[PDB]
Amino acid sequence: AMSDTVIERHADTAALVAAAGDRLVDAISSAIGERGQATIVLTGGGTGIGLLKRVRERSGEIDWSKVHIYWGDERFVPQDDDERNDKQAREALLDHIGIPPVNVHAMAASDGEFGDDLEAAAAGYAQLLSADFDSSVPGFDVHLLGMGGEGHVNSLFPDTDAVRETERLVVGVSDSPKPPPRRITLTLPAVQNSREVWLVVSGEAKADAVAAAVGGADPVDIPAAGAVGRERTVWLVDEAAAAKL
């Protein structure tokens, strides 16, 4: 394989989040400088939203009209619920930058376009991605991910039909073991069509999964092991999360 694994360690969470944010600003500018646009997939969770606040601090460096935004997963709950990933991203960053709404592609909410139809909502997002993957090869420039201690990424949990999905780009998860139970999630084939996949991971509880995933486990057991970019996979980790490497 010619897809390299990059591990960048920082001393703690604050240092990690600041560094990941800076890296993302530089990545967006490079993509724009090389191809005239950038396509980024956002994630939820503490570190994933935290790095967006750092991006905001440097937002003036980027022409946001050339940036296209997707999400790797979303809680299928009402639009204004605090559990929404898109809502947190908007407050951290998106509400504060001049990015055209047609460039920002949030997954549906349960009081949204599709009503409470989780399956229909995931299918709608999958049709959206299909247009993407046919204009741009590969699809995304950077897919950001958080990872849980059991190795889950997006809403792909161990042993599930979602992590086993080899065809559909997006599926509904109606039974997440972490609340809330209903999520919309990109599958591994979608994650894998990114130039780079970046997992930003902090804490001692994540150390076993980091080591298993870097070491190349079966993704059905450790979903993060299948979260690999076409050009590189970048682990932005703190020292605690790196302790089993």
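Just count from 1 along the sequence shown to find any residue number.
- The mean C-alpha temperature factor is higher for 62-70 when 62-70 and 209-217 are set side by side.
- Look at the mean CA B-factor for 53-61 and for 37-45 in the entry; the higher one is 53-61.
- Taking the PDB entry at face value, the top CA B factor among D86, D95, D141, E113 belongs to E113.
- The deposited CA B-factor of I32 belongs to the highest third of values across its chain.
- Ranked by Cα temperature factor within the chain, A109 sits in the highest third according to the deposited record.
- In the deposited entry, the Cα temperature factor of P101 places it in the middle third of its chain's modelled residues.
- Looking at the C-alpha B-factors along this chain, the one for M147 belongs to the lowest third.
- Ranked by Cα temperature factor within the chain, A241 sits in the lowest third according to the deposited record.
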